[PDB]
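Presented below is the structure to which this report refers.
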Ligand SMILES: O=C1NC(=O)/C(=C/c2ccc3c(c2)OC(F)(F)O3)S1
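Residue numbers (the deposited numbering): 144 to 225, 230 to 250, 267 to 321, 357 to 373, 379 to 435, 460 to 488, 497 to 528, 544 to 752, 763 to 965, 981 to 1087.
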């Protein structure tokens, strides 16, 4: 169409990148992938009931946790249907709740303020909103609303020769000894390895040398990088030996490399988009090779095996371990927790060994019959595995996750796509399907993919191709929403940057001029999709106090049925890599969920945090909170240290009645406990102060994501009810929690270890493929007993009490 490229313009703008360019590719994997993604899309758009879709019910299946049952150990729940109030049972479908208020079905129980319909054949107690209400001890509130017109959700239609490589040379516009080290990799595991003679290092360098590897053209497994690096390690680049059609790479190539400043960036098929000042490498791949496509173990070794298949995912495998693990393939193949180690003990450098492997996978029943382990399913999707079949079973076990869990793991999964050898993968296609199936999962997919496309040259093209596929299947409604969301931010970030260049005088001046006619009618809060936003309470927008000059904006709720005058806060900031916070906040919701399995609870406060571009993004404003210092600053501050009894007064003072003060201290121990266990494990316990806040309601929470395990300042202890070497009745509950929460995590050592490791490889700069990760093994005290550890954390608890303020004063 001569108007079709206008839609594409719509996409391009939503995406933030152009999946139509081609000045930075050397094949058609991206295109072929766009072409290939159409089937997965249709297969989903089509297989999706327009009814429940357009309404996106949000339910769970996990058993209702104790703490929330206790708050209703009387089997009774009232649902105020807009003001005739009803009382339902923890087992009544939205219909039963419709039976009452009514005694034609063109009505649906929507929620006041948000976009959260309590529709669908689901048990009342199985609605996230309902449980949220139970959590916040609030009261449910619906509204006789007419079910949404899905029409708006219509998707606009449409040889045995040894491998050799020729290294011509490297060119750079503007820059000693330097060599090129080609490496035939697979699973981030080097195989062969050939180099070059250390010639001079200048703007141009010709070697014209063929590099004859040992691996035979056959031995080459699909998904084996041709890693080219330059040493004097300054620049690197990769090439997929076998391309997306199983064919083998053959030809002349001129690759533009990435410069170094371990991590997931070093894995990419993408070349540098900046051919203006980036290093170049010339290589030649000329050829005419063409593509392709019992008994009983003893009794002492089996023990050796079970021992191995029982250690953490970190524990390295000795050459001995491996040879053993593979010789007993069919036994190791019985224990699922053995897959990772087992498939990491395969020699992909041998068509024959690999051959067996594949024929070994067809014999997997115990696996596809065993209980789904996310921590184990995740280990199979990391950097250590580059084989389609290996990774596919893992993706097959994920296909079982209900939405609630596909959201609890979305970010980490979307980040895992950086470990996929090719753009079209079961994982991407999996993300794609669940995106289109549920609008909630789709909304976050959108922003998770966008954050990367906006700052990852390394992974933007591939991500830009997975989003496009999504933006063309979600419906016309959403596409409008995303357009409105993207506008607001692109604008608001401009304001943010300006006000940083230097205030409150030109602040509202610029703000006010913004609402004028730019700021849309009502936009969706990117971190909480079920909340619209209108004009800004300009008279409330400011600029926080700090070297960083974040923007404290507050909007009004564009909703009438909303039973409150409450505002929608939003903190925009430039200067921090909010992509490390998102990941850390994600891990937090995971522990905030693990604990639930054991009905435990720590009242964590993971606020919304959505990256948006380079060193910038949005943050959620947590109502009625204050930074730990601002409290100990009104009284002291400046050059003065702190006050022991300041914080405790801040609670009783900042809380009416006595029925509110103790609560404010009750929910203060759990929260204190929660962030101590959490940060301790996450290895980020040594935090200053302005980086730690608490609510007038008692909930404390960290922010901005000679030593100590964590911050439990005497104040916290004070509030608990202890001056020092003692033990208040609450300090006990504190411990009665911590250990019960800390040991509840050890129950997932493997999971926390696989996420931690993945977080570092795709969230931080360069990553210590060794240490930095082993830190979590230590913290969780892997291997020891349900006691040595319990004491371990306690000794930690001590050091924090033993040091009073040793660092709080230092932090300079
Ligand atoms: O400059 C900053 N960099 C960050 O990462 C910040 C985090 C933060 C998150 C939630 C909050 C908050 C602050 O104060 C609040 F009460 F608004 O609730 S502030």
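All C-beta atoms, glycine included, are put in the ideal place defined by N, C-alpha and C.
Drop a sphere of 10 angstroms on the beta-carbon of residue i, count the other beta-carbons inside from all chains shown, and report buried for 16 or more, exposed for fewer.
{"i": "residue 940", "result": "buried"}
{"i": "residue 786", "result": "buried"}
{"i": "residue 833", "result": "buried"}
{"i": "residue 766", "result": "exposed"}
{"i": "residue 670", "result": "buried"}
{"i": "residue 415", "result": "exposed"}
{"i": "residue 380", "result": "exposed"}
{"i": "residue 357", "result": "exposed"}
{"i": "residue 971", "result": "Not modelled: residue 971, which lies between 965 and 981, the two residues flanking a gap in the chain."}
{"i": "residue 636", "result": "buried"}
Nearest CA to the CA of residue i: which residue from the options?
{"i": "residue 417", "options": "1022, 163, 865 and 398", "result": "398"}
{"i": "residue 1016", "options": "514, 1061 and 705", "result": "1061"}
{"i": "residue 1054", "options": "1071, 432 and 1044", "result": "1071"}
{"i": "residue 821", "options": "279, 161 and 468", "result": "279"}
{"i": "residue 686", "options": "315, 1011, 185 and 781", "result": "185"}
{"i": "residue 362", "options": "370, 1029 and 520", "result": "520"}
{"i": "residue 313", "options": "962, 594, 231 and 199", "result": "199"}
{"i": "residue 158", "options": "175, 740 and 569", "result": "740"}
{"i": "residue 244", "options": "275, 273, 222 and 274", "result": "222"}
{"i": "residue 789", "options": "600, 597, 1027 and 695", "result": "695"}
{"i": "residue 690", "options": "1077, 201, 952 and 469", "result": "201"}
{"i": "residue 862", "options": "298, 405 and 165", "result": "298"}
{"i": "residue 682", "options": "867, 664 and 987", "result": "664"}
{"i": "residue 478", "options": "517, 795 and 957", "result": "517"}
{"i": "residue 876", "options": "182, 937 and 810", "result": "810"}
{"i": "residue 827", "options": "872, 798, 927 and 850", "result": "798"}
{"i": "residue 952", "options": "995, 885 and 999", "result": "885"}
{"i": "residue 807", "options": "950, 250, 316 and 844", "result": "950"}
{"i": "residue 611", "options": "678, 557, 383 and 592", "result": "592"}
{"i": "residue 866", "options": "172, 1086, 938 and 712", "result": "938"}
Can you list, in chain order, the residues of its chain whose CB lies under 7 Å from that of residue i, leaving out five sequence neighbours each side?
{"i": "residue 991", "result": "932"}
{"i": "residue 1023", "result": "625 and 854"}
{"i": "residue 547", "result": "578 and 581"}
{"i": "residue 1028", "result": "562, 563, 564, 1051 and 1052"}
{"i": "residue 218", "result": "236 and 237"}
{"i": "residue 294", "result": "211"}
{"i": "residue 859", "result": "208, 209 and 210"}
At a cut-off of 8 Å, would you count residue i as near ligand 1, judging by its Cβ distance to the nearest heavy atom?
{"i": "residue 934", "result": "no"}
{"i": "residue 837", "result": "no"}
{"i": "residue 597", "result": "no"}
{"i": "residue 876", "result": "no"}
{"i": "residue 963", "result": "yes"}
{"i": "residue 872", "result": "no"}
{"i": "residue 810", "result": "yes"}
{"i": "residue 763", "result": "no"}
{"i": "residue 788", "result": "no"}
{"i": "residue 833", "result": "yes"}
{"i": "residue 518", "result": "no"}
{"i": "residue 718", "result": "no"}
{"i": "residue 798", "result": "no"}
{"i": "residue 426", "result": "no"}
{"i": "residue 829", "result": "yes"}
{"i": "residue 981", "result": "no"}
{"i": "residue 806", "result": "yes"}
{"i": "residue 487", "result": "no"}
{"i": "residue 879", "result": "yes"}
Less than 6 Å between C-beta atoms, sequence neighbours within five positions excluded: which residues of the same chain meet that for residue i?
{"i": "residue 500", "result": "708"}
{"i": "residue 393", "result": "386"}
{"i": "residue 241", "result": "272, 281 and 282"}
{"i": "residue 598", "result": "389, 424 and 604"}
Only counting the same chain, and skipping five residues up and downstream in sequence, which positions put a Cβ closer than 8 Å to that of residue i?
{"i": "residue 319", "result": "150, 722 and 726"}
{"i": "residue 608", "result": "639"}
{"i": "residue 1043", "result": "497 and 1035"}
{"i": "residue 733", "result": "153, 156 and 157"}
{"i": "residue 367", "result": "407, 408, 409, 410, 411, 516 and 517"}
CB of residue i to nearest heavy atom of ligand 2: below 8 Å?
{"i": "residue 886", "result": "This structure lacks ligand 2; the ligands present are ligand 1."}
Complete beta strand (DSSP E) runs within the region 850 to 874 (minimum length 3 residues, chain order):
Residue ranges of uninterrupted beta strand (DSSP E) with 3 or more members, entirely inside the region 850 to 874 and ordered along the chain, are 869 to 873.
Along the chain, which unbroken stretches of the alpha helix (DSSP H) at least 4 residues long are found entirely within the region 617 to 648?
Whole alpha helix (DSSP H) segments, 4+ residues: 624 to 629 and 638 to 648.
So within the region 562 to 603, which uninterrupted alpha helix (DSSP H) runs reach at least 4 residues, ignoring any that extend past its ends?
Runs found: 569 to 577, 579 to 582 and 589 to 593.
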